[PDB]
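Novice: Attaching a single structure in structure tokens format; questions to follow.
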Amino acid sequence: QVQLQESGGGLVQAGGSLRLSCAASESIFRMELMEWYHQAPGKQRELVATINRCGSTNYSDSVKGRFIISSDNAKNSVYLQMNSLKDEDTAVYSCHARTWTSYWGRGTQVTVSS
Amino acid sequence: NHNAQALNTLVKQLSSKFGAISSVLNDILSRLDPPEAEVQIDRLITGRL
Amino acid sequence: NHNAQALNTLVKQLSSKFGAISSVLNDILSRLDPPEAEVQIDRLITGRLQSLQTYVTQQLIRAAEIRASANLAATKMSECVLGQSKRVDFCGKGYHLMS
Amino acid sequence: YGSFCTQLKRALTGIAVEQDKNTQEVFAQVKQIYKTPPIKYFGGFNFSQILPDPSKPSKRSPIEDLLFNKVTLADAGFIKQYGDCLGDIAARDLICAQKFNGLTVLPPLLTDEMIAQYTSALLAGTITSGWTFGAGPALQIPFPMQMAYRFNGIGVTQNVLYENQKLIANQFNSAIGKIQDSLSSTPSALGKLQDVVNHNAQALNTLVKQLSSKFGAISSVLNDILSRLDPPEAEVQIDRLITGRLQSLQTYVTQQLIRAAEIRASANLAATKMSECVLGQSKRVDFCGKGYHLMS
Amino acid sequence: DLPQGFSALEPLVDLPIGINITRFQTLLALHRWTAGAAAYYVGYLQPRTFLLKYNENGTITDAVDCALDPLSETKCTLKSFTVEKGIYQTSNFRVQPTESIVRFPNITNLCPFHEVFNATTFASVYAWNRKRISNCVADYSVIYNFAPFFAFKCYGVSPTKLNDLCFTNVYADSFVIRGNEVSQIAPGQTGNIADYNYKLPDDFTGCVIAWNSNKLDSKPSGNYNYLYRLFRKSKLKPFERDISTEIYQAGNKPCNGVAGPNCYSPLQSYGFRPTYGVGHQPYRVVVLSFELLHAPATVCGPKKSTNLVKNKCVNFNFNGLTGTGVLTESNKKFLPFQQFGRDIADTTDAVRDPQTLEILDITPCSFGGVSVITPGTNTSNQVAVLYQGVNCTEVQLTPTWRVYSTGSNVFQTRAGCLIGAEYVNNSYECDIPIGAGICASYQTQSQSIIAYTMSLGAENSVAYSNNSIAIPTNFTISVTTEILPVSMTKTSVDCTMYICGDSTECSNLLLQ
Amino acid sequence: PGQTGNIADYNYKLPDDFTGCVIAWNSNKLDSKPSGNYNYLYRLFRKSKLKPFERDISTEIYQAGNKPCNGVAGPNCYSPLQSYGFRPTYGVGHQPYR
Ligand SMILES: *[C@@H]1O[C@H](CO)[C@@H](O[C@@H]2O[C@H](CO)[C@@H](O)[C@H](O)[C@H]2NC(C)=O)[C@H](O)[C@H]1NC(C)=O
Ligand SMILES: *[C@@H]1O[C@H](CO)[C@@H](O[C@@H]2O[C@H](CO)[C@@H](O)[C@H](O)[C@H]2NC(C)=O)[C@H](O)[C@H]1NC(C)=O
Ligand SMILES: *[C@@H]1O[C@H](CO)[C@@H](O[C@@H]2O[C@H](CO)[C@@H](O)[C@H](O)[C@H]2NC(C)=O)[C@H](O)[C@H]1NC(C)=O
Ligand SMILES: *[C@@H]1O[C@H](CO)[C@@H](O)[C@H](O)[C@H]1NC(C)=O
Ligand SMILES: *[C@@H]1O[C@H](CO)[C@@H](O)[C@H](O)[C@H]1NC(C)=O
Ligand SMILES: *[C@@H]1O[C@H](CO)[C@@H](O)[C@H](O)[C@H]1NC(C)=O
Ligand SMILES: *[C@@H]1O[C@H](CO)[C@@H](O)[C@H](O)[C@H]1NC(C)=O
Ligand SMILES: *[C@@H]1O[C@H](CO)[C@@H](O)[C@H](O)[C@H]1NC(C)=O
Ligand SMILES: *[C@@H]1O[C@H](CO)[C@@H](O)[C@H](O)[C@H]1NC(C)=O
Ligand SMILES: *[C@@H]1O[C@H](CO)[C@@H](O)[C@H](O)[C@H]1NC(C)=O
Ligand SMILES: *[C@@H]1O[C@H](CO)[C@@H](O)[C@H](O)[C@H]1NC(C)=O
């Protein structure tokens, strides 16, 4: 019944790669927006990546050239491909989707050892 | 004047057929059969209401 | 806005069947035969009469409310303008001087 | 059959908004909430019978409590949950029957606590400031001086009060005290407020009971007509029921419109009385009581 | 991918196929074979409601689906493409039923319609037979195989619906009458047959079956075995017979047992011959009278009885009484002769199960109203949904769109429950009224659309002392505005043109 | 329109909004034989009712049991094409009508 569930968090050494798989229980063709937020301890949440219905993709300053966001249509899911990890990427990651009311995921922990 | 006009109009409204064959109930009850008179009496009842 | 809405609704009411086979009298007159046409025309007549009566009653109530407002405006003009008012909060907030 | 139902919904929505407008206009003259001083001593005048009571959770004065207990209420617009109707206590009241047929009662925007707060603010402002709080900033003044100036307003000099303060205070206290017993003893004191509830309940009950009439058809239940007659021979029966129920709904809506207009007139009069007799002193004869007006 | 935008479709071809279609197929052309590739898009249509917009050229340039989200439903309700700030009422929500149940009694026998519709002899009209039918399964589709009649004639019911209803008792009356006296066998009829031989009540609920029998009831010499009454002191009461034979007296002097002057025999024999006209030939008549449901039912058609379920929104059919609701156990104390239970609105709410003598209570399934709280479309496309007067634990629903409940989007107020708004402890002025002391507004950034408690006013406290006063030392002149309506539009309406127009028949009809 | 019966829902179905005319006349002098006309057939069994203006031509062995018919009209296996029996000595209600 829950809208979005994320899976893929764990312990990964610096310079590695990881995959996040926020899966929705409603057809993603009407969600109009999939957003990734990350919150590190001690600070508030900050926008990571944004994908809209048309196909335009946006990232913030600390994203471009490091990791990308995509989605497939066989299974309702949005994938984030974490690459080139560094120390401050340790955070809890949540996925958000708003059709006419925002739905928030539970979030998963991502920790990088340096 | 207004009250008298309203009462006189209400009295004069009794002479309209409202689609029935006659405006007098006795004629409708003396010319047509028992099961057919109703379809005529209903029109008068609705109009007067 | 209210008057325009009432008139537009009254105009749009003419496209309803009210149980008849057609909402245009010419079609009813040109399709059925003289004896039957009536059983259909009466439905349209009754529906349109009901619509007109509803519109008239609504207009009467609105006119009464507007008359009350006009009487209040006339009183305010007689008291606040042609003189000074000692009534509290009748001709503004504070102590009245003129209007 | 047209667009009669949109018109009915629009009329009912207009009335529903008008009621909240009436209450807000009447009870919300001042936009500052004043507090009475902790020490209650106003020259000998006893205001304990009208000021709020902090001991009770509702925070209402004793006279307000008596008024609230004296008038009974049919439906308060709260959560009449379907579970209560389905509970099947073998006592099917009228509220469940009204609910099951598409008639509902909405709750007011202003809860009774907010109205009590407004009334208490007005009382504190008119006790600690006089009439200045209705025309500008609130300016303090001792109560005996305010009474002296209200006496001077009606043509009696000030020295009449200052030499007769104790007697006037005792008379005021006794007059206030007799009010509670007068309200309690009289059985039909609050008839105007009860008639509204009675009339609305009667209208709703009549509308519900209208559903059991045939209107010339063979049965008053649509399922029987649908299951006992041919597909093309059932329309001529259903039409009578539809016309009759539309007529009943139109009659109810018109009656509600007229009653709402009358109640709006009464609310306007109440607002005028509040603005003229409470926030100030009135020289109009027999407008704010019988005799020479002092305060309300 | 499929491009954005609108492009309407225009019809070409309509054909009278008139066959079943369940599956389809697409053909391809292969040259020779040789390799090939094709791509095509297939979608399935559904019954929907749309709001289409026509521009000045007559082309469709925009459309709104009315069952996609609450904002679209609001737009369809308002019949506009723009929505201003406020709270609107859009539709209602209901719980659909799951299955259907049927409860019929333990009836196994077959009704004896064979012994009535042909027995080689029919009783006279003055002493007509009467057979009672009960405790059997009635099949009215076999009656057509017994007598050569044309069609039924039923008054309270329809001939095609007689296989579903379940009655208490059935009665059959049979006789033989003349050709032109068949029209007298009807409610509210007057004649020789109607008021002296066989009288039908004014509220008849049954059927009449009359067919010609010239090949059995006619003789070359003349049939004289069928008689009818001619003289009688007073008219008959409904469903009454007379058998007594005597010498009717039409004079003051007693008849004294001799048919002399002013003395006749009130039993005249029909003269049936095979050379008579159609209006004089004998006709056999059978009248079926049905008794409605007041007692336990005994006669009705072959309907299977299924299982009984409880505490579920289900459809029920108890002895021809059909409806939808929730059936639960009963604490009502029905008397042995009672079978139904009625309420203020005169609708059934307590029933007795035909198979097991048990009482069930019926309650309508859950329903309620929905309101949509939105800021102006010029601002944002997000809305909140208020289910009115519902404990927010209840929420196959009628609305097509479905709501999914996250941790903090669901709030419960005293006016229902609100989905899609976040509650806060702050108190501002009211923006969009909702219920009892609650308001809603739009935040800068469901995170948007916050719901809070309205604030009465700024706090204050004036210092009061019995030797202190406060005197102003300056003033301020202020100018305020006050707007008041005075008059409204003056309109005039023409009756004849509005109701009838240029038609003349309509005006003549309206004149009365 | 709005009729129920063998003909109405298994052979020929009319819509509820029908706009047209029906012309029926007796044809006993052409469609009846002393031995009995058997050239006119009608359907008796069908799984579901007919949609308006829909026909059926398929001839198959209708099954009224759990076991398959297997192409033989045995137990719970019938032929849903019954022949009218027209004779000139029948009553009016049974004579053929065009
Ligand atoms: C509509 O679209 C989805 C995804 O675009 C389709 O994919 C199916 O999704 C369900 C749910 O996980 C899977 O069980 C199916 O196996 C998917 N189909 C495949 C992989 O071919 C699906 O057709 C639709 N999903 C709905 C209607 O929920
Ligand atoms: C103002 O009036 C109240 C109520 O009439 C007085 O409270 C009463 O006080 C006496 C003695 O102090 C008690 O015996 C009564 O029971 C009280 N009444 C109630 C209703 O509780 C109050 O004392 C008065 N003020 C002054 C200053 O005397
Ligand atoms: C009463 O208020 C007025 C306006 O608020 C004061 O007039 C102002 O005085 C200051 C200081 O001299 C000037 O800068 C402003 O331009 C004046 N305003 C106007 C509109 O002229 C006035 O001084 C106040 N009364 C006293 C006694 O100070
Ligand atoms: C409507 O038609 C006219 C005439 O061809 C054309 O000039 C105009 O551009 C059209 N309007 C639109 C919005 O296409
Ligand atoms: C009653 O019905 C048949 C007609 O089908 C009739 O010929 C006969 O007299 C009766 N049936 C029998 C079996 O005698
Ligand atoms: C029954 O008895 C009364 C009393 O003699 C008689 O007048 C009447 O004609 C009889 N029949 C009916 C139908 O009342
Ligand atoms: C009806 O028949 C069923 C099945 O044989 C049985 O369970 C039930 O007790 C019977 N009831 C009556 C009243 O005969
Ligand atoms: C709503 O139902 C819940 C379910 O247990 C109950 O706890 C609560 O008291 C109910 N509230 C109202 C207002 O009916
Ligand atoms: C709002 O008030 C309630 C009541 O004290 C409190 O429990 C709730 O936590 C408050 N909201 C926040 C965000 O703290
Ligand atoms: C009011 O007067 C009394 C005298 O009995 C005095 O005790 C009290 O302090 C005065 N009020 C204030 C606020 O000083
Ligand atoms: C059409 O075919 C389906 C499946 O073969 C069948 O269930 C149905 O009875 C047929 N006829 C109609 C009118 O749908």
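Chain D is numbered as in Swiss-Prot, which gives 756-1051 for the residues shown.
We read in the header that electron microscopy, 3.5 Å was used to get this structure.
Keep in mind that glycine also has a Cβ here, set from the backbone N, Cα and C atoms.
Copying in the features that Swiss-Prot gives for the protein in this structure:
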type	residues	note
DISULFID	D:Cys840-D:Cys851	disulfide bond
DISULFID	D:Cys1032-D:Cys1043	disulfide bond
CARBOHYD	D:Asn801	N-linked glycosylation site
REGION	D:828-853	region 'Disordered'
REGION	D:835-855	region 'Fusion peptide 2'
Novice: Neighbour count, 10 Å Cβ-Cβ cut-off, for D:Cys1032 (disulfide bond): what number do you get?
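Specialist: Around the Cβ of D:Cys1032 (disulfide bond), 18 other Cβ atoms lie within 10 Å.
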Novice: Using Cβ atoms and a cut-off of under 8 Å, determine which of the recorded positions D:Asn801, D:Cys840, D:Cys851, D:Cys1032, D:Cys1043 neighbour chain E, and list them by sequence position, or give 'none'.
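Specialist: In terms of proximity to chain E, the recorded positions that count are D:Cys840, given in sequence order.
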Novice: Which one is it: of the recorded positions D:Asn801, D:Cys840, D:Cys851, whose Cα lies the shortest distance from the Cα of D:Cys1043 (disulfide bond)?
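Specialist: Closest candidate to D:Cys1043 (disulfide bond), judged by Cα separation, is D:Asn801.
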Novice: I want to verify one value. Collapsing DSSP to three states, which class is the residue listed as 'N-linked glycosylation site'?
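Specialist: Where the residue listed as 'N-linked glycosylation site' sits, the three-state DSSP reduction gives coil.
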Novice: How would DSSP class D:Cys851 (disulfide bond) in three states?
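Specialist: Looking at the DSSP assignment, D:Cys851 (disulfide bond) belongs to a helix.
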Novice: Reported as an integer number of Å, what is the Cα distance between D:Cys851 (disulfide bond) and D:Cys1032 (disulfide bond)?
Specialist: 44
Novice: At the Cα level, what's the spacing in Å between D:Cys840 (disulfide bond) and D:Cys1032 (disulfide bond), rounded?
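Specialist: That comes out at 47 Å between the alpha carbons.
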Novice: Once near-sequence residues are set aside, which residues in the chain of D:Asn801 (N-linked glycosylation site), 6 or more away, have Cβ atoms under 8 Å from its Cβ?
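Specialist: Those within reach of D:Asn801 (N-linked glycosylation site), by Cβ under 8 Å and sequence separation of 6 or more, are D:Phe927, D:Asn928, D:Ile931.
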Novice: Across all the protein chains here, work out how many other Cβ atoms are within 10 Å of the Cβ of D:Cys1043 (disulfide bond).
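Specialist: D:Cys1043 (disulfide bond) is surrounded by 19 other Cβ atoms within 10 Å.
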Novice: Is D:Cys1043 (disulfide bond) helix, strand or coil when read with DSSP?
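Specialist: Note: D:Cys1043 (disulfide bond) is coil by DSSP, not helix or strand.
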Novice: Look up D:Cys1032 (disulfide bond) in the DSSP assignment and reduce it to helix, strand or coil.
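Specialist: It is helical.
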